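In what follows, a structure is listed as C-alpha cells, so that the remarks can point back to it.
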Amino acid sequence: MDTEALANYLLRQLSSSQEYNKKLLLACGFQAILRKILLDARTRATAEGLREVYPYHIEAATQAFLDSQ
Amino acid sequence: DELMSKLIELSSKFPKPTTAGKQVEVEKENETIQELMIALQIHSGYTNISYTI
Amino acid sequence: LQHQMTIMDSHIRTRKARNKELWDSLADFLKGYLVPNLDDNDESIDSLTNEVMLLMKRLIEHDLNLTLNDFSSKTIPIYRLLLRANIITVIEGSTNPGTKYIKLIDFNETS
Amino acid sequence: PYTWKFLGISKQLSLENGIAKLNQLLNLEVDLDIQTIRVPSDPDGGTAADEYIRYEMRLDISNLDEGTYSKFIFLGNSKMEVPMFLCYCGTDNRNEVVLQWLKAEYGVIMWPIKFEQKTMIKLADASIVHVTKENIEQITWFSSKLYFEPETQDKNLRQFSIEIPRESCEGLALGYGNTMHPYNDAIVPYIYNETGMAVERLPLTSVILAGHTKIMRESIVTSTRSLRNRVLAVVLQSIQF
Amino acid sequence: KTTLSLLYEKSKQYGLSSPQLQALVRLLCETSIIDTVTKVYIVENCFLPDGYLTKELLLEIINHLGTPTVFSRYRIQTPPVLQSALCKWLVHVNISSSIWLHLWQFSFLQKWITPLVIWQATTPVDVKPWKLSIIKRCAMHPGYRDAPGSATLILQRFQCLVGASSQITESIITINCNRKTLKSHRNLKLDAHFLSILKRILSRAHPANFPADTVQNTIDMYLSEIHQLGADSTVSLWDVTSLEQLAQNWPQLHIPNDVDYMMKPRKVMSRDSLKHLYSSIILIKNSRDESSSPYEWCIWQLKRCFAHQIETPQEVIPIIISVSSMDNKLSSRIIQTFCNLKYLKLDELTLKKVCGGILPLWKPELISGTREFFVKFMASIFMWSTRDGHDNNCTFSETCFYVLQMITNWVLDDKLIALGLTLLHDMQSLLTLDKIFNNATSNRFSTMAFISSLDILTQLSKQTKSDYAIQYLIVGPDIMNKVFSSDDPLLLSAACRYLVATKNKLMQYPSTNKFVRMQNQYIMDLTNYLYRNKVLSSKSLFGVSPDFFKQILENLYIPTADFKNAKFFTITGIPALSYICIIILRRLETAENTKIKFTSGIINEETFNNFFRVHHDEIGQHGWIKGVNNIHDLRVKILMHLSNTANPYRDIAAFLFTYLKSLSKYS
C-alpha cells in the first residue's frame, strides 16, 4: 500500500496538481502520525520491559498522544 | 610447442619488469569528482549526461 | 610479442590529465547549469556559484563542516536536492541541533 | 550456541610470520597462542605423531557475542600430507577477510570440509571424553539422540530417530566392559542386534549430545565456548586421504 | 497512422540502427506527431537495434529518463510510464556503470533498471561498496515498493561478485525478508515475440554483433547473471582487460599469488576469456618449472579427485586433462605419480579417463626404462581385469588402444622408434592370449584393440622410408596362427590387410630368409584354407595336421556327409565368412535379377550342384548367375563383389588375388 495510495484513501474519505500535492502532504502527515503512535507504543513497551509491543502499549500511546495534542 | 619456444625466447630477451602516493591520491580525487557529478547531474535533470573523465 | 620487442625502445600522465579534466568540468557544470537553474540569489549566479564552489570543494573532501546553517538560504535548496539524490549520508546529527553535519559517502573508501 | 566451520590448508604456513600485515589489513592486532599437544595419548591411539601444534587467533574487538568473540584455530603437523586445517565461528565477515589474506599471502589454496557418518560417530565419542590432571581418562555421559533423514519412494519414510538416555548408554558401555569409545564399541552393535539396522550405512544427519553439543553435516555446535583437543585431532585425521 | 506505418514497415525489415534509434527516441520526446499511447508501443515494437547499444546512444537516451525539479523546470519531461517502458526495452537490449545507479533511484524505473546495473556489475572491480548505501537507502524508503526486492537482487549480485568486502551481507538481511517482488526480479522476461522479430533483424545482413544464432546463449547468460544471484606503479593480472593492454603494461604486470582463482571460472570485457591465457602467461612470465603455480594446483585437485574428497571430479578433470595434455614435463609428473597400480585401486574410472586423455600426446624425454615401466604397469592392469574375471573390466583393452595411439608418435619420431616397435609387439602378446580373446568367448574389445595395433604396423610398413630391423616387422607365427584360428571377419580383414602391407616390404628381403619364409607359409595356408580347398594334402593347417580334421568330423553330424571335408576349406563354409557368403550371394542374385535362387542358406559344392541338376536343362539358357558354371566360379564371383570398395571385407579377396593367378585375372 503506497503512500500515494494512502493519499488515495484520504481522497476517498475526503471527496489538479495543487490538490494532488495537498493530498500527498496529508498522506505524509497521516503516515507520520501513525509512526508516532507506534513509536510511543514502543516507548511504553520499554517501561514494561517484556518481549513485544502488546496492545495496551499502543493504547497508552494513543492516550498520551491525545493528552499532548 | 613452437609457439612456447618462441615466447620463452622473446620473454627472456625482454627488459625486466619495474612511490605512487601522490598518484593514488589524485585517483581518489578523480573518483570523487566524477562520481559526485555523475550523481548530481542526474538529479539536476541535466540535458546531456556524459562520461565525466 | 615481437611488437613488444620494438616497444622496448620506448603512463602516469593520464592520471593528472583526468584529474585536471574532472576539476575543470566540475567548475563548468556548476557555473553553467545548476545555479542558473535554481535562479536564486537575485540571479547573481556568480556569487551563488562561488558559494557553491566552496560547498563543492568541501563535499568532495567529505568535510563534516558542511552544516545546514553554513548552507545559506540560497543553498539550502541545494542541500534539499542532495537529499533527493540520497548520495549524502543523511546524518541525523545528535551532537548539535540546527547545525546538522551532512556529507557524501566517501567514494574512496573500499571495505 | 557456539557453531563452527572448518577449512583445509594446503601448506604448513607459519602464521606468526605475517601477523603484522594481517593486523594492518584488519586494522587491529590479533593474539596468537602456541601449543604443542599430545592428544592421542592412549596406547592404541599411539605415542608418536601426536605432536600437533595448535594456534589460537582471535578477532576480539570485544567478546559480547560469537561474531566479536569469533576465534580462529589452526592445528597442523609436518608429517601430515596436507599439513594443516582451519576452524572459525560466528557470522562475522572479518573471517572472510583473513581467509582472503591467507590465500593471497602464502599462495595457499583452501577448501571446506565435510564429515562421514563414521566420522560423526568417532567425533561424538571424542566429545564425551575428558582427562584429569593425573593424566587419566574419564567419561561424561549425555542422553544421545541419533537423528536420520532417508530418501524413499513417495516419502514413505521421511525421518526417524533413536534416542538413548544417559542410563542406557552407560549400561551398554559397562556391559561391553571397560572401553574408551562406547558409541562405536557397544551402542551401535546393540542397535543392530535389536533391529537389524546398520547405523553406519543409514543416512545419518545429526548426533546430538543433550546440553553438550550437536554434531552436524557441515558444522559443530557446542555448549562450551571452545572445542576440546580430541575433537580437533579427529577433524585433522578426517581431512586426509 | 501513416507516419507510424512507415516506422513499422522500416524497422520490421530495415531494423533501426543506433543513430536511427537516437533520432527516433529524440523525436518521441521532442515532437507531438507521435501519440503517447503509440510511444509506449514504438519503443518495444519498432526499436530493433542491429546489435548492442553504443555507449553514447545510451547516454543520450538517459537524458530522456530524467525528471523535472525545482531546478530543472525548463527540461522537457518524458512521461514516467513511457520512461518505464523505455527501460523495459533497454532490458531487452565504463562510467555508464556509475550513471545507471542513479537511474535506479527513480521509483517507476527502478525495477527495470536492476538488470541494466547488474549487466554493468560484471567484474569484481566494477562493483564498489559505497554504492550499496544508495541502494540500501531506497530499499528502506517508504513509497519504493519495488526497491526492497530490486535492491536485494543487486545486493545478491554484489555479495558474490565482490569477493572481498566488509560485512555488507548483513545489510541484505535488513531488506524485506518476505522478498515478494524479488522472485519476479530474478526471473525477468525478454518478451519473446519482440525477441523473435529482433532475431531476424540480427540475421538479415550482418554477423558478429549480438549474433542471431547466439542470442539464445547470449540471452541465457544475461538470464543466468540474474538467476544465479539467489538460484601503484605495478599492475595486477586481474586488473587488465585486453590482450593489447597486457601487451602495453607487460613490464608493469605482476601475477597475484592466488592460484585457485585463475585455474577455474557481451561487449564489456569477460575475464574468463583472459583466464584462458593466464595459465600460458604464467608459464611464460615465469619460466615454466617446478615452482610454477599451475603445477601445484593441478596436482592438488587431482590428488583430491582420486581421494574422492573433491565435490565434483568430472568438473575438475576436464581442466586437468586439457592442461596436462601440454607441458610435457608436467605430463610426465602426473604419469610418474598417478600411472601406477595403487591409484588404479583407488579409482579406475578417473585413471582410465585421465591417463587416456594425456598419454596419447605424451613424449618420453628418457628412452631408457620407459617400456619397462609401461610393460610392468600394463601387465598389472591386465592381471587386474583377469583377477576380477569380469569382461566389463575391459580397462586393459581401452588402455591398449590409448598407448598404441601414443606409439604412433613414438614411431613418428626418428629416435625411440625401436622402443615403440618392441612395446607394440610386447603388448600384442597380451591381446592374443586366449583368456582375453577366446574364439568361443570372443569379447570384441580385444579384437578392435589388436587390429588397431596391427593397423599401426600397416602405417609403419608404408612409412618404411625409415629403415627397421627385420625382427619386429613380421608379427610372427605365434600371432598369425592365432588370428587364423579365430574367425572374426574384420580380424581376418585386418590380417590380410596387414600382409599386403607386409607384402610391400616382402620383395625388399631375399626369399630365403626365415622372416620371408614364415610369411610365405601364411599366404600359402591362407590361400589353401580359403580358396584352393586342397587342405587335406597339406602338411598341416595352421600347424595342425589334417588327420585331425577327418577325425574331428567324427561325432560331428553334417546333413550332407557326402561332403564332410570340403565345406570347411572354403570361405562359403568358414563359419563367420560362411554367413557373409550368404549375404554376398543374395546381393549377387539381386543385382543379377536371377529368377532362380540358391535353395540352401550356406553355400558349398553340394548346395550349389543340387539345385542346378533339377534346373540344369534351363540353367543353360538363363535363370541364374551367368558368370558361374561350377562351384569355383561361384566362390570367384563371391570374391568379385569383394573386389571393390563397397565391402568392409574387400581386402580378404583383394590381398589373395595377387597369389592365385586365376583370381588375379578375374579381378
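Residues in the C-alpha cells are named by chain (A, B, ... in the order shown) and by number from 1 within that chain; ligands are numbered from 1 in the order shown.
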Would you tabulate, counting only C-alpha atoms, all residues of chain E that have an atom at most 8 Å from an atom of chain B, showing the closest pair of atoms and their distance in Å to one decimal, sorted by chain then ascending number, as a tab-separated table?
residue	atom	partner	partner_atom	distance
E:56	CA	B:50	CA	7.8
E:59	CA	B:49	CA	5.8
E:60	CA	B:48	CA	6.5
E:62	CA	B:49	CA	6.9
E:63	CA	B:47	CA	5.5
E:66	CA	B:45	CA	5.3
E:67	CA	B:45	CA	5.9
E:68	CA	B:45	CA	6.3
E:69	CA	B:44	CA	7.5
E:71	CA	B:44	CA	6.6
E:72	CA	B:45	CA	5.7
E:75	CA	B:47	CA	7.2
E:95	CA	B:51	CA	5.8
E:96	CA	B:51	CA	7.3
E:98	CA	B:38	CA	6.6
E:99	CA	B:38	CA	5.9
E:102	CA	B:39	CA	6.1
E:103	CA	B:42	CA	7.6
E:232	CA	B:20	CA	5.2
E:233	CA	B:20	CA	6.4
E:234	CA	B:18	CA	7.4
E:250	CA	B:17	CA	7.4
E:251	CA	B:17	CA	3.9
E:252	CA	B:17	CA	5.8
E:253	CA	B:17	CA	7.6
E:284	CA	B:8	CA	5.8
E:285	CA	B:11	CA	7.0
E:287	CA	B:8	CA	7.3
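All chain D residues having an atom within 9 Å of chain E, based on only C-alpha atoms, amount to residues 10, 92, 93, 94, 96, 97, 100, 103, 104, 105, 106, 107, 108, 109, 110, 113, 114, 239, 240 and 241 of chain D.
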Hey, what's within 12 Å of range 579-595 of chain E if we count only C-alpha atoms and toss same-chain stuff fewer than 4 positions away? As a short mmCIF file (atom, residue, chain, number, x, y, z; two decimals) with N, CA and C atoms, in the first residue's frame, please?
data_model
loop_
_atom_site.label_atom_id
_atom_site.label_comp_id
_atom_site.auth_asym_id
_atom_site.auth_seq_id
_atom_site.Cartn_x
_atom_site.Cartn_y
_atom_site.Cartn_z
N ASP E 487 38.00 -66.43 -36.25
CA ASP E 487 37.23 -66.28 -37.48
C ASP E 487 36.49 -64.95 -37.59
N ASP E 488 36.79 -63.97 -36.75
CA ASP E 488 36.12 -62.68 -36.89
C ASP E 488 36.50 -62.07 -38.24
N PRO E 489 35.54 -61.81 -39.13
CA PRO E 489 35.93 -61.41 -40.50
C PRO E 489 36.66 -60.09 -40.57
N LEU E 490 36.35 -59.13 -39.69
CA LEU E 490 37.15 -57.91 -39.62
C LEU E 490 38.58 -58.23 -39.22
N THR E 570 36.59 -73.65 -47.49
CA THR E 570 36.14 -72.55 -48.34
C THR E 570 35.52 -71.46 -47.48
N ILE E 571 35.63 -70.22 -47.97
CA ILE E 571 35.03 -69.09 -47.27
C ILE E 571 33.52 -69.26 -47.16
N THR E 572 32.92 -69.98 -48.10
CA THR E 572 31.49 -70.24 -48.08
C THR E 572 31.08 -71.19 -46.96
N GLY E 573 32.04 -71.85 -46.31
CA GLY E 573 31.76 -72.72 -45.18
C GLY E 573 32.54 -72.33 -43.94
N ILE E 574 33.60 -71.54 -44.11
CA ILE E 574 34.30 -70.98 -42.95
C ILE E 574 33.30 -70.12 -42.17
N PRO E 575 33.14 -70.33 -40.85
CA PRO E 575 31.85 -70.07 -40.20
C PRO E 575 31.36 -68.63 -40.30
N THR E 599 18.94 -72.46 -53.30
CA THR E 599 17.96 -73.02 -52.37
C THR E 599 18.49 -73.07 -50.95
N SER E 600 19.75 -73.43 -50.77
CA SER E 600 20.33 -73.54 -49.44
C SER E 600 20.72 -72.17 -48.90
N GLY E 601 20.92 -72.12 -47.59
CA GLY E 601 21.42 -70.92 -46.95
C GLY E 601 22.92 -70.82 -47.09
N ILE E 602 23.63 -71.74 -46.45
CA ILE E 602 25.09 -71.78 -46.54
C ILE E 602 25.48 -72.34 -47.89
N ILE E 603 26.55 -71.80 -48.46
CA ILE E 603 26.95 -72.09 -49.83
C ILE E 603 28.10 -73.10 -49.80
N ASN E 604 28.03 -74.11 -50.66
CA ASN E 604 29.09 -75.09 -50.79
C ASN E 604 28.87 -75.87 -52.08
N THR E 607 25.34 -77.95 -51.98
CA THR E 607 24.24 -76.99 -52.08
C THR E 607 24.21 -76.34 -53.45
N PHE E 608 25.39 -76.04 -53.99
CA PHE E 608 25.50 -75.48 -55.33
C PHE E 608 24.91 -76.43 -56.36
N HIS E 615 17.40 -77.89 -62.25
CA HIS E 615 17.21 -76.79 -63.18
C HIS E 615 18.14 -76.84 -64.38
N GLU E 618 17.50 -75.82 -68.07
CA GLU E 618 17.22 -74.41 -68.32
C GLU E 618 18.18 -73.46 -67.62
N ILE E 619 19.11 -73.97 -66.79
CA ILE E 619 20.23 -73.14 -66.36
C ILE E 619 21.11 -72.78 -67.54
N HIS E 622 19.10 -69.38 -69.23
CA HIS E 622 19.10 -68.25 -68.30
C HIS E 622 18.22 -68.62 -67.11
N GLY E 623 18.37 -67.86 -66.03
CA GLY E 623 17.60 -68.07 -64.82
C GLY E 623 18.42 -67.87 -63.56
N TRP E 624 19.73 -68.07 -63.67
CA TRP E 624 20.64 -67.92 -62.55
C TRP E 624 21.88 -67.19 -63.07
N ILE E 625 22.80 -66.88 -62.15
CA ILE E 625 24.01 -66.12 -62.48
C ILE E 625 24.72 -66.74 -63.67
N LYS E 626 24.96 -65.92 -64.70
CA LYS E 626 25.60 -66.36 -65.93
C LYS E 626 27.12 -66.32 -65.85
N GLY E 627 27.69 -65.69 -64.83
CA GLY E 627 29.13 -65.69 -64.63
C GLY E 627 29.67 -66.92 -63.93
N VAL E 628 28.84 -67.95 -63.75
CA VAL E 628 29.20 -69.14 -62.99
C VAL E 628 28.71 -70.36 -63.75
N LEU E 634 31.44 -69.75 -58.54
CA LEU E 634 30.61 -69.11 -57.52
C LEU E 634 31.47 -68.55 -56.40
N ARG E 635 32.48 -69.31 -55.96
CA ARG E 635 33.44 -68.78 -55.00
C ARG E 635 34.15 -67.57 -55.57
N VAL E 636 34.51 -67.63 -56.86
CA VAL E 636 35.14 -66.50 -57.52
C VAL E 636 34.19 -65.30 -57.54
N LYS E 637 32.97 -65.51 -58.03
CA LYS E 637 32.03 -64.39 -58.14
C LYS E 637 31.64 -63.86 -56.77
N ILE E 638 31.69 -64.71 -55.74
CA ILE E 638 31.55 -64.22 -54.38
C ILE E 638 32.68 -63.25 -54.06
N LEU E 639 33.88 -63.53 -54.57
CA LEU E 639 35.01 -62.62 -54.37
C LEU E 639 34.93 -61.40 -55.28
N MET E 640 34.29 -61.53 -56.45
CA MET E 640 34.24 -60.40 -57.38
C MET E 640 33.50 -59.22 -56.77
N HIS E 641 32.44 -59.48 -56.01
CA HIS E 641 31.82 -58.41 -55.25
C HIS E 641 32.78 -57.86 -54.20
N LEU E 642 33.55 -58.75 -53.57
CA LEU E 642 34.56 -58.34 -52.60
C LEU E 642 35.73 -57.60 -53.24
N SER E 643 35.83 -57.59 -54.57
CA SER E 643 36.94 -56.95 -55.27
C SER E 643 36.73 -55.45 -55.49
N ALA E 646 33.09 -51.26 -51.99
CA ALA E 646 31.85 -51.23 -51.21
C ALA E 646 31.99 -52.00 -49.90
N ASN E 647 32.63 -53.16 -49.94
CA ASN E 647 32.63 -54.04 -48.78
C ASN E 647 33.67 -53.59 -47.76
N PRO E 648 33.38 -53.68 -46.46
CA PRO E 648 34.46 -53.52 -45.47
C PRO E 648 35.42 -54.70 -45.45
N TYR E 649 35.00 -55.85 -45.97
CA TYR E 649 35.82 -57.05 -46.01
C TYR E 649 36.49 -57.26 -47.36
N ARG E 650 36.55 -56.23 -48.20
CA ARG E 650 37.07 -56.39 -49.55
C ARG E 650 38.51 -56.89 -49.57
#
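Residues lying within 12 Å of residue 3 in chain E, counting only C-alpha atoms and ignoring same-chain neighbours fewer than 6 positions away, are residues 9, 10, 33, 34, 35, 38 and 42 of chain E.
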Query raised in the report: How far is it from CA of residue 460 in chain E to CA of residue 407 in chain E, in Å with one decimal?
Result: 10.8 Å
Query raised in the report: Using only C-alpha atoms, which of the listed residues (A:58, A:45, A:68, A:6) sits closest to residue 32 in chain A?
Result: A:6
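For the residues E:130, E:395, E:182, E:409, ranking by smallest atom-to-atom distance to residue 32 in chain B using only C-alpha atoms places E:130 first.
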Query - helix (DSSP H, G or I) per DSSP on the backbone: members of range 125-336 of chain E, as an MDAnalysis selection string - result: chainID E and resid 131:139 147:162 169:174 182:185 192:201 212:227 237:239 243:248 259:263 271:285 293:307 313:324 328:336
Using only C-alpha atoms, tabulate the residues of chain C lying at most 8 Å from any atom of chain B, each with its closest atom pair and that distance in Å to one decimal, by chain and increasing residue number, as a tab-separated table.
residue	atom	partner	partner_atom	distance
C:1	CA	B:10	CA	6.8
C:2	CA	B:10	CA	7.4
C:5	CA	B:14	CA	6.7
C:8	CA	B:15	CA	7.1
C:12	CA	B:23	CA	7.5
C:15	CA	B:27	CA	6.5
C:16	CA	B:26	CA	7.0
C:18	CA	B:53	CA	5.6
C:19	CA	B:30	CA	5.1
C:21	CA	B:53	CA	6.4
C:22	CA	B:53	CA	5.5
C:23	CA	B:33	CA	7.0
C:25	CA	B:52	CA	7.6
C:26	CA	B:33	CA	7.0
C:33	CA	B:46	CA	7.6
C:34	CA	B:44	CA	6.9
C:60	CA	B:32	CA	5.9
C:61	CA	B:32	CA	7.9
C:81	CA	B:43	CA	7.4
C:82	CA	B:40	CA	7.4
C:84	CA	B:43	CA	7.5
C:85	CA	B:43	CA	5.8
C:87	CA	B:39	CA	7.3
C:106	CA	B:32	CA	7.7
C:107	CA	B:32	CA	5.8
C:108	CA	B:28	CA	5.7
Mind writing the picked residues with C-alpha atoms as a CSV table (one decimal), in the first residue's frame?
chain,number,residue,atom,x,y,z
C,1,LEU,CA,55.4,-10.4,-28.6
C,2,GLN,CA,57.6,-9.2,-31.5
C,5,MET,CA,60.4,-6.1,-28.7
C,8,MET,CA,61.2,-1.8,-25.6
C,12,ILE,CA,51.3,8.5,-15.1
C,15,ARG,CA,46.1,10.3,-14.0
C,16,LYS,CA,47.0,14.0,-13.8
C,18,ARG,CA,41.9,13.1,-16.0
C,19,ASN,CA,42.1,14.8,-12.6
C,21,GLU,CA,39.8,17.5,-16.7
C,22,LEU,CA,37.4,16.4,-14.0
C,23,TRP,CA,38.2,19.5,-11.9
C,25,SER,CA,34.5,20.1,-15.9
C,26,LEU,CA,33.3,20.3,-12.3
C,33,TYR,CA,23.8,24.7,-15.4
C,34,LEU,CA,22.9,24.2,-11.8
C,60,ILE,CA,34.3,16.4,-2.5
C,61,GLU,CA,36.6,16.0,0.6
C,81,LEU,CA,18.4,18.5,-3.9
C,82,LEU,CA,21.3,16.4,-2.4
C,84,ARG,CA,16.7,13.8,-3.1
C,85,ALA,CA,19.9,12.4,-4.6
C,87,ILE,CA,24.2,10.3,-2.2
C,106,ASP,CA,33.2,8.6,0.7
C,107,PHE,CA,33.7,7.1,-2.8
C,108,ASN,CA,37.3,6.4,-1.9
